[PDB]
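Below, in structure tokens: the form deposited in one PDB entry, a single chain.
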């Protein structure tokens, strides 16, 4: 019933559609099609000293910028890297972001009061989101929820950028990597929508690397609204249980079918909160910690929810396997002493309180794979993203732990000043000598060099550990000496 199904859903919402004020209609158009910044407005605002710098900058080169950002900055220039130009780019990237309601909701996971954007824009988002919420008052009904499926095509990179890089067979792009497919689906049991899903009443062909084809069954009380050309907008904050994930073929090309069922969001948050208790009990006992120490935090709000939860077990297992238990215990106890956390999340790190409470300047806020914040003594690990030159999340976690080791070691040396051990005169000299002998990112500064060397020294690939010894022998010696010192103290 291709056209029949469309007509009757449209009929169901016909009064709702007619009663929409233009203000409301503009809100829904703004939501589907975000407002891009005007390239000519941005350029007019610049001073040519900055424009001179902006020309000198190789846009396609940076690891700081997204693909979307790169294209806009490449398109705009038609009219390593210094400390000043990065400072410039930190501020500039704030002024080139589209007004994107659904992106704001996904980035914050619904926590829209998070101080990760300017107060005026934050309030504008808050207002539009509350107004959209009020528009979506009419549920789909018990007549329709059962007769209908709704469809959504998705890029795998929105769920996991790490697995997304390898999902499609490189030899033959008509095929899905079976091994990668398995990793993707293995722990995919539930999903959370914190923004407004825009779904198709009838399934569409998959365009532009959208290999994920969702088939979604609505709940009777699922609030929605009809959109032009056979689409529906769904309420935010709904839950989805994954019923089946299969490789399917459409037009001689392999895609992934994801069958999901709408459930209440409260139902899934319960699972996440129980899992948080389960993983803390496992690791409090394993770490010799008080029974009710809350060290591990799940900050989960988006569409790859269950995987963030499940991967946290695997990440911490790898962490335990590759690092001396005594080191792990001493450093973690130091973090617990400062109310630190292991935060596993699928919202952007600027929206994590462990960072933003200590970083008020938005241009100084960081989003990335992982982060260590000394002020809160916390490790933050962002699931959906792909770290630069990282294989996986585990290697990413160990690098951050290296920062914590750097932190704790500096504290032990001077309990009054509590600086990083990488700020010591001794290590700065070592960085000056061996700074360029390891990873490209390790060249950045003393802290990064230490964390990168630490990560490589505890890699599952023992060829990597021996490489540090051979290429950066003094760094290797220094870190091993820091580890001894931490453990013996």
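Rigid core (definition): largest C-alpha set, two forms, superposition within 1.5 Å. Positions refer to the first chain, counted from 1. Only residues modelled in both forms are compared.
The same protein also has a form deposited in another entry, omitted here; what follows describes it.
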* Sole residue of 74, 285, 391, 123 shifting 2 angstroms or more in CA between the shown form and the other one, core aligned -> 74
* Asked: After superposition on the rigid core, does the Cα atom of residue 61 shift by at least 2 Å between the shown form and the other one?
  -> yes
* With the rigid core superposed, can you list, in sequence order, the 3+ residue stretches whose C-alpha atoms all shift 2 Å or more between the shown form and the other one? -> 58 to 79
